[PDB]
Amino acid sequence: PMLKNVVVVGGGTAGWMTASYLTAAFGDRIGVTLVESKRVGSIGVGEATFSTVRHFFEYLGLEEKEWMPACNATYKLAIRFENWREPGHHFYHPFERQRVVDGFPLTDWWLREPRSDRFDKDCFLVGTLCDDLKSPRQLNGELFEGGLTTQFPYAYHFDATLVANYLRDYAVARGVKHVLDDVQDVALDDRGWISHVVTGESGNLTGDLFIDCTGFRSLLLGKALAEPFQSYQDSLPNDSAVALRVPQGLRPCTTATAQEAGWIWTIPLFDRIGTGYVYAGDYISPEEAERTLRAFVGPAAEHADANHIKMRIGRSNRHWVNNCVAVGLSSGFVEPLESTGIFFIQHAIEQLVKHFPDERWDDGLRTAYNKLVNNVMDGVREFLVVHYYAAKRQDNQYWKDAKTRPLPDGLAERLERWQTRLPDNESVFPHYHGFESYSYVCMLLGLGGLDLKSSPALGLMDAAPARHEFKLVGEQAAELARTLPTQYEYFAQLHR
């Protein structure tokens, strides 16, 4: 007794990732309909991704060389953090797993005896590749790792509208019914379950399962079903953004430049730059934020229209209620400091397939699904609070307040453990939330606000293997700088 029809409401990145993934997972064995407005646009942002996104394209059977040119896409090997510790300081948060020497990470050996003033230069390859604007692939397509299960779980930058167009064509070609219309009413039955959605001129769209991809407005879950929403704003005050699209070497990383009341993203696409100021409206006005952003970008922004966005920061109490699942901004959101919006969508849809119901609608599937999503969002929220707490700067009220806001449960205890020994698998938020322990280590070392200590055991061990590893990183960096093409060179002859 299996379900027969899914209705997806919304045609942004969330809706078309949902629809395309459903056809990849279930084929023609279930019907999928997507309805989307002709007049309400998508949010217009969401252009950097997280490590897991490679597996989304793999699941659909899409190779980089076919979708990347069609989506204005580049590689994201890291995030470059600027001015978080102090003025003029920068460091990389790379998609690069730790090197472990005799049971201890190289970063631990570094902390014992720093080889330079840059932990990321000494311990990692990827930051240097970003500085040299390198492609992660040689001109013959082979990944650089093969010349040294991957140590480099990288991601992408792309135009979210082009990706959504690409997945729409992917999904419609595989039988997804596409309705271009407004949902004007969500009809509930006597159980409070969704019976159908009423469209302006396409009749009623009926189905067994309804996916709310309507964005922040959450027309099905938050509005029609009145599901409570849990704000994160007390712990993360950034509630606003102003975004620009700007004409444009391609640095394979996102840049996050701390500002007086937030931070500015720089996302390099193949032929343009996406940039925006994420800020706290209680500290600066939208006018000041736009002024700051335009001055930061410089003359290239003098003719670009600013896109002002109010963010709904938090998560729904439940994400799957009755026969309705929220995917995308309707489900939850944190500021894009670590590029988690599309990660949340992929997690939501992957776990919806894994917990997909039959006609018995086992409530335990909902309970498990909701716990998984809540744990992912709570964990990312904790990770982001650490960004502001561990940022060394306390130069104004905003950056002082970043250390006195209420911490999520358990973070105070974890902060104390991290100042005893660097974070590892057993000293971070103990549920899946995307980020691995190496991300915590890098952020703490770069942000520089905590009192970090190396493990005393290192003093009783042979330092030779660690010294060899540091030397090896330098040799491999030198070889990669000589051989890898620049990212522009790579895409220039790939766009042939």
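So that there is no doubt, residue numbering starts at 1 and follows the sequence shown.
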Residues with no coordinates between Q248 and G249, taken from the deposited sequence as a class:
4 to 9
Counting only residues from the deposited sequence, how many are left out of the model between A187 and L188 (none, 1 to 3, 4 to 9, 10 or more)?
none
Taking only the CA atoms, which stretch has the higher mean B-factor in the record, 281-289 or 341-349?
281-289
Output the stretch having the higher mean C-alpha B factor in the entry; the candidates are 73-81 and 400-408.
400-408
Per the deposited B-factor column, the C-alpha that peaks among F356, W110, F216, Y170 belongs to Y170
Quick one: which of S330, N323, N307, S231 shows the highest Cα temperature factor in the PDB entry?
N307
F470: C-alpha B-factor third of its chain, per the entry, is the highest
Taking the chain's C-alpha temperature factors as the reference, tell me which third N317 falls into: lowest, middle or highest.
lowest
Taking the C-alpha B-factors as the PDB entry records them, is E63 in the lowest, middle or highest third of its chain?
highest
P485: which third of its chain by C-alpha temperature factor?
highest
Ranked against its chain, the third holding the CA B-factor of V45:
highest
